[PDB]
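Basis for what follows: all heavy atoms, side chains included, without hydrogens, waters or symmetry-related copies. Numbers here are sequence positions counted from 1.
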Amino acid sequence: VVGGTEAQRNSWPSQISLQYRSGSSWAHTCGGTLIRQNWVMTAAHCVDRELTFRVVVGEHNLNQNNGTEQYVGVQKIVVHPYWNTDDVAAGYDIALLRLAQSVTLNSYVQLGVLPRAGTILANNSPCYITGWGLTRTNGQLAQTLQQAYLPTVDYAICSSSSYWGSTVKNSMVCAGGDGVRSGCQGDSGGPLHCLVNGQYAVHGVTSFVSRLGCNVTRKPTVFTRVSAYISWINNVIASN
Ligand SMILES: [Ca+2]
């Protein structure tokens, strides 16, 4: 997250850290959202490689021990059937991970609330992006969870030539674009929390930013619109 601030230890309890085994150590690679005691929602392109993944909940400082973390393995990975590694602009960047064991809920670990299917936010709706991603284009990961105010930019505006144009589909959500704040590599798969009727709900899964940079004016961070996949998500958690 570029241009953000450190978040409160208990501000975003549904945020998780997806890490892969690097030799004999673990390295953070993406964010995600706990939607069930044993199910995590994240980005498909985050789990395209055949690596060994683990999920960390109750996490705040990636480098230190907060005394609130729970480490659990990933038993099964369910990528959306239409995902295409070579075409992130085609959409469908979403995946579900069944954890090896159910986690215990508390002040630091809670489930994220998903919006009703088909829900579309009005232009300039108040949302926040959170993550341990890069704090600068070509910089380094953050040590502590960061957050940044990132209002939405409706489809009509985001798909106009002055912004992302045709690269953006109606199955996506755009937020930010002020050239100062934005998501960055490492925030992918993480949530976009938006205030709706006095409650924060996860409306997006961080998907991509500009090849030319993370914080680029008129090039808002692009997210997978969660409300477009509610039926899919429910069918997976019920079957698998
Ligand atoms: Ca820690």
### Residues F208, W164; criterion ring-ring contact (aromatic ring centres under 6.0 Å, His included); working and verdict
CA-CA 12 Å; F208 63 95; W164 278 104; 5.5 Å; yes

### Query
Regarding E69 and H60, is there a side-chain donor-to-acceptor distance under 3.5 Å anywhere?
no

### Message
Is there a side-chain contact (heavy atoms from CB on, under 4.5 Å) between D93 and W83? Walk through the geometry before answering.
### Response
CA-CA 6 Å; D93 196 6; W83 164 247; 3.6 Å; yes

### Task
Sort out for me which residue in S210, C158, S182, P151 forms a side chain to side chain contact (heavy atoms under 4.5 Å, CB included) with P220.
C158

### Query
Would you say the ring centroid of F53 lies under 6.0 angstrom from that of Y20?
no

### Query
So, does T119 use its side chain to make a donor-acceptor pair with the main chain of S227 at under 3.5 Å?
no

### Task
State, with a plain yes or no, whether a side-chain heavy atom of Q110 is found less than 4.5 Å away from one of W12.
no

### Query
Does any non-hydrogen side-chain atom of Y128 lie less than 4.5 Å from one of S11?
no

### Query
So does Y108 have more than 12 non-hydrogen atoms from other groups sitting under 6.0 Å from OH?
no

### Exam field: side chain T152 to backbone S125, donor-acceptor pair closer than 3.5 Å
yes

#### Entry: Distance-only polar pair, side chains of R181 and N215, donor-acceptor under 3.5 Å
no

### Query
Should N197 and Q199 be marked as a side-chain contact (heavy atoms from CB on, under 4.5 Å) after you check the CA-CA gap, both sets of side-chain angles, and the distance that decides it?
CA-CA 5 Å; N197 289 159; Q199 164 176 268; 5.8 Å; no

### Query
So, the side chain of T206 versus the backbone of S188: is there a donor-acceptor pair under 3.5 Å, distance only?
no

### Message
Any side-chain to backbone donor/acceptor pair from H28 onto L62? Under 3.5 Å, distance only.
### Response
no

### Query
Considering only heavy atoms from C-beta outward, does the side chain of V205 approach that of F223 to under 4.5 Å?
no

### Query
If you round to the nearest 0.5 Å, how far is CD1 of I94 from OG of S207?
10.0 Å

### Message
Please say yes or no: joined through hydrophobic side-chain contacts below 4.5 Å, possibly via intermediate residues, are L99 and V47 part of one cluster?
### Response
yes

### Message
Pair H45, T85 - check side-chain contact (heavy atoms from CB on, under 4.5 Å), show working.
### Response
CA-CA 7 Å; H45 81 261; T85 313; over 6 Å; no

### Query
Side chains of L96 and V40: closer than 4.5 Å at any heavy-atom pair?
no

#### Entry: Any donor-acceptor pair under 3.5 Å from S171 side chain to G91 backbone
no

### Query
Would you call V209 and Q185 a side-chain contact if the rule is heavy atoms closer than 4.5 Å?
yes

### Query
Any donor and acceptor pair, going by atom type alone, linking the side chain of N235 with main-chain N or O of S231 inside 3.5 Å?
yes

### Task
Using a 4.5 Å cut-off on heavy atoms from C-beta on, say whether the side chain of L97 contacts that of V78.
no

### Message
Quick check against the 3.5 Å criterion: does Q146 have a side-chain atom that pairs as donor or acceptor with the backbone of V1?
### Response
no

### Query
Do the side chains of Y200 and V113 get nearer than 4.5 Å, heavy atoms only?
no

### Task
Take atom OH of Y82 as the centre, draw a 6.0 Å sphere, and report whether it contains more than 12 heavy atoms from other residues, nucleotides or ligands.
no

### Message
Let's go through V236 and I233 carefully: what are the C-alpha distance in whole Å and the side-chain angles of both, what is the deciding distance for side-chain contact (heavy atoms from CB on, under 4.5 Å) to 0.1 Å, and is it a yes or a no?
### Response
CA-CA 5 Å; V236 175; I233 294 177; 6.0 Å; no

### Query
Counting only N and O atoms by type, is there a donor-acceptor contact under 3.5 Å from the side chain of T42 to the main-chain atoms of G31?
yes

### Query
Sub-3.5 Å donor-acceptor pair from the side chain of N61 to the main-chain atoms of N66, do we have one?
no

### Query
Does any N or O in the side chain of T33 come within less than 3.5 Å of the main-chain N or O of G112, such that one atom is a donor and the other an acceptor?
no

### Task
Give the minimum heavy-atom separation between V109 and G58, together with the two atoms involved.
CG2-N, 3.7 Å

### Task
Can you establish whether the number of heavy atoms outside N240 located under 6.0 Å from its atom CG is more than 12?
yes

### Query
Taking side chain as C-beta onward, heavy atoms only, is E59 less than 4.5 Å from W132?
yes

